[PDB]
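**Q** enclosed are the sequence and the experimentally obtained structure.
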Amino acid sequence: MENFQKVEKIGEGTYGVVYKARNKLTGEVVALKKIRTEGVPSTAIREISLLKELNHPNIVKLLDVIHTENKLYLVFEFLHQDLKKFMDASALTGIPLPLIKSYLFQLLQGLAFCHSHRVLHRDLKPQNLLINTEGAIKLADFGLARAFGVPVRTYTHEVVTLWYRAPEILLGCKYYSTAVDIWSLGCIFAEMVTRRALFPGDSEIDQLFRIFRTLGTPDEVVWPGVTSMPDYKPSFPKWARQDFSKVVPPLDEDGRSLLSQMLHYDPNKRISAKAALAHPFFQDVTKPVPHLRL
Ligand SMILES: NC(=O)c1cc([N+](=O)[O-])ccc1NCc1ccccn1
């Protein structure tokens, strides 16, 4: 805008371009997101505005929502790096388990908070998990999906990742629950551990089948109601479930146990963020500081 000073382009978001900017007045450095559109649904304005009150240490703070010239700018707290960049940078030696655990623990606190205030993320991915030099990790873009539907592309040619999408979403369920975020986080947890995406689908069906090939094709036994879901097809191949120890080696049994509960097919059986925080996997949780090259 005019009150800022575009420091640099932080890239293209899932709605619009994002700039690192400095408030000419407060002097604070922020992340400015330009959201796609001819008028901007006031329903979305109200929704988005409610999020300015969703404040938690593990949630990227939404500082301001500015609707002007029928344009929508979201002003966010700035963090220097995202988990996707950090995982790539740690790819050779992998992120230490104490840090993986700290991050997972903080992310779960963030989800617990959001979920208790009835706010879902719906599109969690390494790219929207931001970290700082103090060992903190925070969830970015919470609640935006609900206030901006679900578009195939960002808004202008760009393939949205399906890798972290919950199976109920892929089977066409129309009502999402807090469980979709636990699923995405489980996928992210597995990726930090193995240093490779758990389910790197390149199409919705490839995503679904990759999930099926690893966790077994779901049936009425493990997921009551699954065969009645909108996109379920009796013709889906039936793959047997793979041993978990083969999925995220060499994670210990505490870790494997928690991951398995975060990846339960039935959204209802899937562990909640609150319950997850009490899992024995976090018994020795600490807050290490990462090695960040900025
Ligand atoms: N809120 C933010 O700080 C932020 C926002 C978005 N975004 O797309 O909304 C993307 C990245 C961010 N920071 C990480 C970062 C910042 C600068 C250089 C490298 N990496």
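**A** On my side now, so go ahead. Numbers count the residues shown, from 1 in each chain.

**Q** near the ligand, which residues of the stretch 51-200 of the chain are found?
**A** Counting by CB under 6 Å from any ligand atom, the residues of the stretch 51-200 of the chain close to the ligand are 60, 76, 78, 79, 80, 81, 82, 130, 140. Yep, even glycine has a C-beta here, placed from its N, CA and C like the rest.

**Q** those residues in strands, which ones?
**A** 76, 81, 82, 130 (DSSP state E).

**Q** hang on, the last one packs against residue 137?
**A** Yes: between residue 130 and residue 137 there is a contact at 7.1 Å, judged by CB atoms under 8 Å.

**Q** what strand or helix carries the nearest residue to residue 65 once chain neighbours are set aside?
**A** Using CB to CB, 6 or more residues apart in numbering and skipping residues adjacent in sequence, the residue nearest residue 65 is residue 48, 5.0 Å away. Per DSSP states H and E: residue 48 is located in helix 42-50.

**Q** anything in contact with each of residue 130 and residue 137?
**A** Common neighbours of residue 130 and residue 137 (criterion: CB atoms under 8 Å, 6 or more residues apart in numbering): residue 83.

**Q** what are the ranges of the strands in the chain?
**A** Using DSSP E, strands in the chain cover 6-12, 17-22, 29-35, 62-68, 71-77, 81-82, 129-131, 137-139.

**Q** which neighbouring elements make contact with the last one?
**A** For strand 137-139, the elements it packs on are helix 97-116, strand 129-131, judged by 3 or more CB pairs under 8 Å, 6 or more residues apart in numbering; DSSP states H and E.

**Q** so what touches the first one?
**A** By CB under 8 Å, 6+ apart, the surrounding residues in contact with helix 97-116 are 54, 56-59, 83, 95, 120-121, 129, 131, 135-139, 142-143, 178, 181-182, 185, 188-189, 192-193, 272-274, 276-277, 281-282, 284-288, 290.

**Q** just the buried ones from those?
**A** Buried members of these, scored by 16 or more other CB atoms under 10 Å, are 56, 58-59, 83, 95, 120-121, 129, 131, 135-139, 142-143, 178, 181-182, 185, 188-189, 192-193, 272-273, 276-277, 281-282, 290.
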